[PDB]
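Here's the structure, in structure tokens; my notes come after.
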Amino acid sequence: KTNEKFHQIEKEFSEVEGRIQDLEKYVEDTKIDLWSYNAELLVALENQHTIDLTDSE
Amino acid sequence: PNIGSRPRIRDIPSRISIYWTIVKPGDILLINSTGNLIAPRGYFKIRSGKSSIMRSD
Amino acid sequence: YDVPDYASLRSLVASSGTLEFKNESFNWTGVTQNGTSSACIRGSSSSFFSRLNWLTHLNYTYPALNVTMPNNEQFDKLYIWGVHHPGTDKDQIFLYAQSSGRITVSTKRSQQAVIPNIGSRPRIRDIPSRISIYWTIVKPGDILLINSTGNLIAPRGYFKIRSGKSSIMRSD
Ligand SMILES: *[C@@H]1O[C@H](CO)[C@@H](O[C@@H]2O[C@H](CO)[C@@H](O[C@@H]3O[C@H](CO)[C@@H](O)[C@H](O)[C@@H]3O)[C@H](O)[C@H]2NC(C)=O)[C@H](O)[C@H]1NC(C)=O
Ligand SMILES: *[C@@H]1O[C@H](CO)[C@@H](O[C@@H]2O[C@H](CO)[C@@H](O[C@@H]3O[C@H](CO)[C@@H](O)[C@H](O)[C@@H]3O)[C@H](O)[C@H]2NC(C)=O)[C@H](O)[C@H]1NC(C)=O
Ligand SMILES: *[C@@H]1O[C@H](CO)[C@@H](O[C@@H]2O[C@H](CO)[C@@H](O)[C@H](O)[C@H]2NC(C)=O)[C@H](O)[C@H]1NC(C)=O
Ligand SMILES: *[C@@H]1O[C@H](CO)[C@@H](O)[C@H](O)[C@H]1NC(C)=O
Ligand SMILES: *[C@@H]1O[C@H](CO)[C@@H](O)[C@H](O)[C@H]1NC(C)=O
Ligand SMILES: *[C@@H]1O[C@H](CO)[C@@H](O)[C@H](O)[C@H]1NC(C)=O
């Protein structure tokens, strides 16, 4: 059930450019951190609910 | 255009700078110049799409 | 001084956390060095910035410059320089023989061309003139080429730009 992500911003750099490049790196890092926390929380919730479901059953 | 003695790469010091202008339907494109012009031979069909670019090996 | 794109130069400098300035023997010939300003006082005497070298006419002339400095070793080299925006036409002629001197600092990858514009800015600390601070970073294997016809404030060396964990903050 993935979603299309055809076009995105450039996420790798080989030069120092200034404030816009730093902003792009910052938004990339914030998105990655938020999605990592979301994934960890989702896995923990699903594991807890599965372990409790297969015990209440 | 600004004349300048840039370091030689492939035994040529001169450079070119590439611009781009997009014309909407109903508009016209007008080109005026007095020198240092590198003109187009035609136009590219810019359109919305699902294409993308990536850098790999 | 006023720095075009100041918020980017500040972040670029603050991310390295190193002020290891290394003097380099540049090829400034035919012009006088060590310009002196009265608003800058060091040791109760007129002075100027230590890192930036303010060049001026020598013997009522200012020959065009073409200097180079290759980067051999395996680290980047950051050059901080600037351009002097004078107050009036008289203040421009008194310092340089050229009234509208272009400047051009080029690496192999890209070039920067600047035109100083004369203007009567409001006086701050009893001086109307300004300076604009730029910066060029040289990758390993590239060379830095500086060409100028006036209004040049050259570097004395280079800063050792490197990746690091440093940062900047504003507090009291
Ligand atoms: C301004 O300074 C630059 C940098 O020093 C000079 O560019 C360099 O000029 C030399 C001498 O012409 C070049 O080396 C030789 O060039 C010719 C090419 O026709 C040829 O004899 C050799 O193959 C050799 O390459 C050199 O490539 C060139 N570039 C660099 C990066 O060093 C420049 O000539 C100076 N003067 C002016 C008026 O631009
Ligand atoms: C253009 O207009 C500006 C703004 O009015 C003028 O700048 C101001 O000029 C006055 C008169 O020179 C300055 O006041 C006095 O200046 C001298 C400095 O040598 C001195 O007698 C006093 O200490 C006093 O400061 C004033 O500072 C200056 N700036 C401002 C912000 O008011 C300017 O002179 C006009 N003309 C030209 C040709 O630029
Ligand atoms: C640096 O580039 C400048 C132009 O930016 C060159 O200056 C020219 O030099 C020639 C040769 O003396 C003069 O006839 C021209 O009038 C100059 N033009 C300008 C706009 O100043 C200069 O040649 C370059 N430096 C060197 C050392 O070659
Ligand atoms: C320095 O600049 C002068 C300019 O005339 C040039 O002739 C000379 O070769 C350069 N290098 C040295 C080491 O003097
Ligand atoms: C300019 O001042 C510096 C620093 O004091 C000194 O090393 C240099 O020799 C001076 N150059 C000239 C041309 O006076
Ligand atoms: C300055 O240039 C003039 C005109 O060529 C010459 O007579 C004089 O000797 C020069 N002075 C110096 C200090 O080079």
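Ligands are numbered from 1 in the order shown, chains are lettered A, B, ... in the order of the structure tokens, and residues start at 1 in each chain.
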Worksheet item: If we count only C-alpha atoms, which residues of chain A reach to within 9 Å of chain B? Please list them as a list in words.
Response: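 Taken together, these residues fit the definition: residues 6, 7, 8 and 10 of chain A.
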Residues at most 12 Å from residue C:34, counting only C-alpha atoms, excluding those fewer than 3 positions away in the same chain, as a compact mmCIF listing (two decimals) with N, CA, C and O atoms, in the first residue's frame?
```txt
# COMPACT_ATOMS: atom_id res chain seq x y z
N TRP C 28 50.92 40.11 -5.45
CA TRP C 28 50.54 41.50 -5.64
C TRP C 28 51.75 42.34 -6.02
O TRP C 28 52.64 42.56 -5.19
N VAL C 31 51.28 47.52 -7.03
CA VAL C 31 50.32 48.24 -6.21
C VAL C 31 50.83 48.27 -4.78
O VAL C 31 51.62 47.41 -4.36
N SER C 37 42.91 53.17 7.66
CA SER C 37 41.66 53.86 7.94
C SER C 37 41.68 54.41 9.36
O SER C 37 42.29 53.83 10.26
N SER C 46 45.77 54.77 13.64
CA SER C 46 44.90 54.37 12.54
C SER C 46 45.33 53.02 12.00
O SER C 46 46.52 52.70 11.93
N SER C 47 44.35 52.20 11.62
CA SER C 47 44.64 50.81 11.27
C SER C 47 43.55 50.31 10.33
O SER C 47 42.82 51.10 9.72
N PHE C 48 43.44 48.99 10.20
CA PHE C 48 42.46 48.35 9.34
C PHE C 48 42.30 46.90 9.81
O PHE C 48 42.89 46.48 10.81
N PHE C 49 41.49 46.13 9.07
CA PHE C 49 41.32 44.72 9.38
C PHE C 49 42.63 43.96 9.21
O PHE C 49 43.44 44.28 8.34
N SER C 50 42.83 42.94 10.05
CA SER C 50 44.06 42.18 10.00
C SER C 50 44.04 41.13 8.89
O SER C 50 45.05 40.93 8.20
N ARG C 51 42.91 40.45 8.70
CA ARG C 51 42.86 39.37 7.72
C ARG C 51 42.75 39.87 6.29
O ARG C 51 43.31 39.25 5.37
N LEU C 52 42.06 40.99 6.06
CA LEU C 52 41.85 41.52 4.73
C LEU C 52 42.88 42.61 4.43
O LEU C 52 43.17 43.46 5.28
N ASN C 53 43.44 42.57 3.22
CA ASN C 53 44.47 43.50 2.79
C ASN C 53 43.85 44.48 1.81
O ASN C 53 43.43 44.09 0.71
N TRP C 54 43.78 45.75 2.21
CA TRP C 54 43.19 46.81 1.39
C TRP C 54 44.27 47.37 0.47
O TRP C 54 45.22 48.01 0.94
N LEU C 55 44.12 47.14 -0.82
CA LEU C 55 45.09 47.61 -1.80
C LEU C 55 44.70 48.99 -2.33
O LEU C 55 43.52 49.36 -2.36
N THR C 56 45.71 49.74 -2.74
CA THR C 56 45.52 51.11 -3.21
C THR C 56 46.49 51.37 -4.35
O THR C 56 47.39 50.57 -4.62
N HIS C 57 46.29 52.49 -5.03
CA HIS C 57 47.14 52.86 -6.15
C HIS C 57 48.57 53.10 -5.68
O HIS C 57 48.81 53.61 -4.58
N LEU C 58 49.53 52.73 -6.52
CA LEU C 58 50.94 53.00 -6.29
C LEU C 58 51.46 53.88 -7.42
O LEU C 58 51.35 53.51 -8.60
N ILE C 153 39.72 44.29 -2.25
CA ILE C 153 40.21 44.06 -0.89
C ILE C 153 40.57 42.58 -0.82
O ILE C 153 39.71 41.72 -0.66
N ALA C 154 41.85 42.28 -0.95
CA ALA C 154 42.31 40.91 -1.17
C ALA C 154 42.45 40.16 0.14
O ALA C 154 42.48 40.75 1.22
N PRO C 155 42.48 38.83 0.09
CA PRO C 155 42.86 38.05 1.27
C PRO C 155 44.37 38.04 1.47
O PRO C 155 45.15 38.23 0.54
N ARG C 156 44.77 37.82 2.72
CA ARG C 156 46.17 37.56 3.03
C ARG C 156 46.50 36.08 3.00
O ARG C 156 47.68 35.72 2.92
```
Nearby polymer residues, ligand 3, at most 12 Å, only C-alpha atoms and all ligand atoms, as a PDB file with N, CA and C atoms, in the first residue's frame:
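Below is the file part-v1.pdb, written as the result:
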```pdb
ATOM      1  N   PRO B   1      27.038  40.143 -20.754  1.00  0.00           N
ATOM      2  CA  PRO B   1      28.218  39.275 -20.683  1.00  0.00           C
ATOM      3  C   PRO B   1      29.439  40.036 -20.188  1.00  0.00           C
ATOM      4  N   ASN B   2      30.199  39.392 -19.303  1.00  0.00           N
ATOM      5  CA  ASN B   2      31.367  40.000 -18.671  1.00  0.00           C
ATOM      6  C   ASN B   2      32.624  39.279 -19.139  1.00  0.00           C
ATOM      7  N   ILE B   3      33.537  40.026 -19.763  1.00  0.00           N
ATOM      8  CA  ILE B   3      34.793  39.445 -20.215  1.00  0.00           C
ATOM      9  C   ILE B   3      35.672  39.130 -19.014  1.00  0.00           C
ATOM     10  N   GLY B   4      36.284  37.948 -19.029  1.00  0.00           N
ATOM     11  CA  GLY B   4      37.145  37.534 -17.939  1.00  0.00           C
ATOM     12  C   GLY B   4      38.046  36.371 -18.298  1.00  0.00           C
ATOM     13  N   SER B   5      39.275  36.381 -17.780  1.00  0.00           N
ATOM     14  CA  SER B   5      40.258  35.343 -18.087  1.00  0.00           C
ATOM     15  C   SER B   5      40.122  34.214 -17.071  1.00  0.00           C
ATOM     16  N   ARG B   6      39.142  33.350 -17.318  1.00  0.00           N
ATOM     17  CA  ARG B   6      38.927  32.186 -16.479  1.00  0.00           C
ATOM     18  C   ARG B   6      40.020  31.147 -16.726  1.00  0.00           C
TER      19      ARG B   6
ATOM     20  N   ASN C  27      50.992  37.315  -5.153  1.00  0.00           N
ATOM     21  CA  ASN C  27      51.809  37.951  -6.181  1.00  0.00           C
ATOM     22  C   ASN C  27      51.318  39.369  -6.484  1.00  0.00           C
ATOM     23  N   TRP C  28      50.924  40.112  -5.448  1.00  0.00           N
ATOM     24  CA  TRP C  28      50.536  41.504  -5.640  1.00  0.00           C
ATOM     25  C   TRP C  28      51.751  42.338  -6.020  1.00  0.00           C
ATOM     26  N   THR C  29      51.799  42.811  -7.263  1.00  0.00           N
ATOM     27  CA  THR C  29      52.928  43.585  -7.757  1.00  0.00           C
ATOM     28  C   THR C  29      52.422  44.817  -8.491  1.00  0.00           C
ATOM     29  N   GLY C  30      53.138  45.928  -8.327  1.00  0.00           N
ATOM     30  CA  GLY C  30      52.764  47.179  -8.947  1.00  0.00           C
ATOM     31  C   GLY C  30      51.741  47.993  -8.187  1.00  0.00           C
ATOM     32  N   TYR C  62      47.124  51.957 -11.088  1.00  0.00           N
ATOM     33  CA  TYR C  62      46.607  50.704 -10.542  1.00  0.00           C
ATOM     34  C   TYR C  62      46.569  49.679 -11.664  1.00  0.00           C
ATOM     35  N   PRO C  63      47.661  48.947 -11.871  1.00  0.00           N
ATOM     36  CA  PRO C  63      47.681  47.939 -12.935  1.00  0.00           C
ATOM     37  C   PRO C  63      46.669  46.833 -12.685  1.00  0.00           C
ATOM     38  N   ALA C  64      46.156  46.277 -13.780  1.00  0.00           N
ATOM     39  CA  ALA C  64      45.217  45.168 -13.688  1.00  0.00           C
ATOM     40  C   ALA C  64      45.899  43.942 -13.090  1.00  0.00           C
ATOM     41  N   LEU C  65      45.137  43.182 -12.314  1.00  0.00           N
ATOM     42  CA  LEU C  65      45.662  42.026 -11.604  1.00  0.00           C
ATOM     43  C   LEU C  65      45.263  40.732 -12.303  1.00  0.00           C
ATOM     44  N   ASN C  66      46.159  39.740 -12.230  1.00  0.00           N
ATOM     45  CA  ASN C  66      45.869  38.370 -12.664  1.00  0.00           C
ATOM     46  C   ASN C  66      46.742  37.452 -11.808  1.00  0.00           C
ATOM     47  N   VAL C  67      46.181  36.992 -10.693  1.00  0.00           N
ATOM     48  CA  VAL C  67      46.924  36.147  -9.771  1.00  0.00           C
ATOM     49  C   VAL C  67      46.219  34.804  -9.657  1.00  0.00           C
ATOM     50  N   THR C  68      46.990  33.789  -9.274  1.00  0.00           N
ATOM     51  CA  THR C  68      46.482  32.432  -9.159  1.00  0.00           C
ATOM     52  C   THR C  68      47.054  31.784  -7.908  1.00  0.00           C
ATOM     53  N   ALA C  97      43.078  54.904  -9.772  1.00  0.00           N
ATOM     54  CA  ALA C  97      43.088  55.620 -11.039  1.00  0.00           C
ATOM     55  C   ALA C  97      41.905  55.256 -11.926  1.00  0.00           C
ATOM     56  N   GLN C  98      41.134  54.238 -11.556  1.00  0.00           N
ATOM     57  CA  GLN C  98      39.979  53.792 -12.321  1.00  0.00           C
ATOM     58  C   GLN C  98      38.712  54.128 -11.548  1.00  0.00           C
ATOM     59  N   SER C  99      37.698  54.618 -12.259  1.00  0.00           N
ATOM     60  CA  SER C  99      36.472  55.070 -11.613  1.00  0.00           C
ATOM     61  C   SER C  99      35.431  53.969 -11.457  1.00  0.00           C
ATOM     62  N   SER C 100      35.401  52.993 -12.361  1.00  0.00           N
ATOM     63  CA  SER C 100      34.367  51.959 -12.377  1.00  0.00           C
ATOM     64  C   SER C 100      34.985  50.582 -12.581  1.00  0.00           C
ATOM     65  N   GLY C 101      36.032  50.279 -11.819  1.00  0.00           N
ATOM     66  CA  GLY C 101      36.746  49.026 -11.981  1.00  0.00           C
ATOM     67  C   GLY C 101      35.952  47.771 -11.681  1.00  0.00           C
ATOM     68  N   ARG C 102      35.863  46.878 -12.664  1.00  0.00           N
ATOM     69  CA  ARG C 102      35.245  45.574 -12.482  1.00  0.00           C
ATOM     70  C   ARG C 102      36.162  44.663 -11.670  1.00  0.00           C
ATOM     71  N   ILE C 103      35.574  43.645 -11.034  1.00  0.00           N
ATOM     72  CA  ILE C 103      36.367  42.591 -10.411  1.00  0.00           C
ATOM     73  C   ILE C 103      35.777  41.240 -10.795  1.00  0.00           C
ATOM     74  N   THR C 104      36.637  40.219 -10.804  1.00  0.00           N
ATOM     75  CA  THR C 104      36.233  38.880 -11.228  1.00  0.00           C
ATOM     76  C   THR C 104      37.106  37.857 -10.520  1.00  0.00           C
ATOM     77  N   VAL C 105      36.497  37.037  -9.673  1.00  0.00           N
ATOM     78  CA  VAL C 105      37.193  35.950  -8.993  1.00  0.00           C
ATOM     79  C   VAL C 105      36.593  34.648  -9.498  1.00  0.00           C
ATOM     80  N   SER C 106      37.422  33.807 -10.109  1.00  0.00           N
ATOM     81  CA  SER C 106      36.950  32.621 -10.803  1.00  0.00           C
ATOM     82  C   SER C 106      37.691  31.377 -10.335  1.00  0.00           C
ATOM     83  N   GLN C 112      32.653  34.642 -10.285  1.00  0.00           N
ATOM     84  CA  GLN C 112      31.887  35.726  -9.687  1.00  0.00           C
ATOM     85  C   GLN C 112      32.420  37.048 -10.214  1.00  0.00           C
ATOM     86  N   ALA C 113      31.530  37.870 -10.761  1.00  0.00           N
ATOM     87  CA  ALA C 113      31.881  39.182 -11.286  1.00  0.00           C
ATOM     88  C   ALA C 113      31.103  40.239 -10.520  1.00  0.00           C
ATOM     89  N   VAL C 114      31.798  41.283 -10.071  1.00  0.00           N
ATOM     90  CA  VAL C 114      31.189  42.321  -9.246  1.00  0.00           C
ATOM     91  C   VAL C 114      31.579  43.695  -9.776  1.00  0.00           C
ATOM     92  N   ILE C 115      30.610  44.606  -9.778  1.00  0.00           N
ATOM     93  CA  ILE C 115      30.792  45.998 -10.164  1.00  0.00           C
ATOM     94  C   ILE C 115      30.519  46.860  -8.937  1.00  0.00           C
ATOM     95  N   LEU C 145      41.645  31.970  -9.337  1.00  0.00           N
ATOM     96  CA  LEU C 145      42.189  33.018 -10.186  1.00  0.00           C
ATOM     97  C   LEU C 145      41.470  34.315  -9.853  1.00  0.00           C
ATOM     98  N   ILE C 146      42.234  35.355  -9.541  1.00  0.00           N
ATOM     99  CA  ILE C 146      41.682  36.656  -9.186  1.00  0.00           C
ATOM    100  C   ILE C 146      42.148  37.668 -10.222  1.00  0.00           C
ATOM    101  N   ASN C 147      41.191  38.317 -10.881  1.00  0.00           N
ATOM    102  CA  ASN C 147      41.437  39.402 -11.814  1.00  0.00           C
ATOM    103  C   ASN C 147      40.674  40.630 -11.334  1.00  0.00           C
ATOM    104  N   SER C 148      41.314  41.792 -11.412  1.00  0.00           N
ATOM    105  CA  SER C 148      40.676  42.993 -10.894  1.00  0.00           C
ATOM    106  C   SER C 148      41.277  44.220 -11.558  1.00  0.00           C
ATOM    107  N   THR C 149      40.477  45.287 -11.592  1.00  0.00           N
ATOM    108  CA  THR C 149      40.898  46.573 -12.128  1.00  0.00           C
ATOM    109  C   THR C 149      40.671  47.701 -11.128  1.00  0.00           C
ATOM    110  N   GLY C 150      40.262  47.385  -9.911  1.00  0.00           N
ATOM    111  CA  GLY C 150      40.053  48.389  -8.888  1.00  0.00           C
ATOM    112  C   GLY C 150      39.088  47.908  -7.833  1.00  0.00           C
TER     113      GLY C 150
END
```
Can you work out which residues are within 12 Å of ligand 2, considering only C-alpha atoms and all ligand atoms, and then hand them over as a PDB file with C-alpha atoms, in the first residue's frame?
```
ATOM      1  CA  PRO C  86      33.208  54.409  -1.996  1.00  0.00           C
ATOM      2  CA  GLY C  87      31.274  57.531  -1.052  1.00  0.00           C
ATOM      3  CA  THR C  88      31.768  59.914  -3.980  1.00  0.00           C
ATOM      4  CA  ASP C  89      33.644  60.089  -7.275  1.00  0.00           C
ATOM      5  CA  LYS C  90      36.405  62.092  -5.578  1.00  0.00           C
ATOM      6  CA  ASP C  91      36.863  59.366  -2.960  1.00  0.00           C
ATOM      7  CA  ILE C 118      29.408  54.745  -6.083  1.00  0.00           C
ATOM      8  CA  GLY C 119      26.779  56.113  -3.720  1.00  0.00           C
ATOM      9  CA  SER C 120      26.374  58.656  -0.915  1.00  0.00           C
ATOM     10  CA  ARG C 121      25.209  56.388   1.879  1.00  0.00           C
ATOM     11  CA  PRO C 122      24.312  57.933   5.257  1.00  0.00           C
ATOM     12  CA  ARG C 123      27.318  58.477   7.494  1.00  0.00           C
ATOM     13  CA  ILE C 124      27.847  55.935  10.276  1.00  0.00           C
ATOM     14  CA  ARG C 125      30.858  56.527  12.536  1.00  0.00           C
ATOM     15  CA  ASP C 126      31.614  59.566  10.348  1.00  0.00           C
ATOM     16  CA  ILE C 127      32.367  57.481   7.235  1.00  0.00           C
ATOM     17  CA  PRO C 128      29.917  57.112   4.310  1.00  0.00           C
ATOM     18  CA  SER C 129      31.699  54.364   2.379  1.00  0.00           C
TER      19      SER C 129
END
```
Item to complete: Residues of chain C no more than 9 Å from chain A, counting only C-alpha atoms: send them over as a list in words.
Response: residues 5, 7, 8, 9, 11, 12 and 137 of chain C
Those same residues - N, CA and C atoms - I'd like them written as a PDB file, in the first residue's frame.
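Result file follows (out-v7.pdb):
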```
ATOM      1  N   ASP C   5      24.021  38.222   1.303  1.00  0.00           N
ATOM      2  CA  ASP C   5      23.736  36.880   1.809  1.00  0.00           C
ATOM      3  C   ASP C   5      24.502  36.620   3.106  1.00  0.00           C
ATOM      4  N   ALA C   7      23.391  35.835   6.109  1.00  0.00           N
ATOM      5  CA  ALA C   7      22.914  34.686   6.865  1.00  0.00           C
ATOM      6  C   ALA C   7      23.448  33.363   6.337  1.00  0.00           C
ATOM      7  N   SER C   8      23.994  33.335   5.123  1.00  0.00           N
ATOM      8  CA  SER C   8      24.630  32.136   4.593  1.00  0.00           C
ATOM      9  C   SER C   8      26.114  32.072   4.916  1.00  0.00           C
ATOM     10  N   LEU C   9      26.826  33.198   4.826  1.00  0.00           N
ATOM     11  CA  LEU C   9      28.232  33.211   5.214  1.00  0.00           C
ATOM     12  C   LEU C   9      28.394  32.937   6.702  1.00  0.00           C
ATOM     13  N   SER C  11      26.447  31.111   8.603  1.00  0.00           N
ATOM     14  CA  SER C  11      26.224  29.686   8.821  1.00  0.00           C
ATOM     15  C   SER C  11      27.359  28.841   8.258  1.00  0.00           C
ATOM     16  N   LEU C  12      27.957  29.264   7.143  1.00  0.00           N
ATOM     17  CA  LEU C  12      29.079  28.520   6.580  1.00  0.00           C
ATOM     18  C   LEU C  12      30.301  28.589   7.487  1.00  0.00           C
ATOM     19  N   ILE C 137      35.262  29.277  -2.232  1.00  0.00           N
ATOM     20  CA  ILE C 137      35.831  28.043  -1.705  1.00  0.00           C
ATOM     21  C   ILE C 137      36.444  27.262  -2.858  1.00  0.00           C
TER      22      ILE C 137
END
```
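Pairwise distance (atom CA of residue C:83, atom 3 (C, counted along the ligand's line) of ligand 4) equals 22.5 Å.
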Discussion item. What's the separation between atom CA of residue C:131 and atom CA of residue C:163, in Å to one decimal place?
Written reply: 28.4 Å
Discussion item. Please compute the atom 31 (C, counted along the ligand's line) of ligand 1-atom CA of residue C:26 distance, one decimal, in Å.
Written reply: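 So the answer is 16.2 Å.
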Discussion item. Show me which residues are within 9 Å of ligand 6 counting only C-alpha atoms and all ligand atoms, and format the list as a list in words.
Written reply: residues 58, 59, 60 and 61 of chain C
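Proximity to residue B:25 was assessed for B:8, B:46, B:41, B:57 counting only C-alpha atoms; the smallest distance is recorded for B:46.
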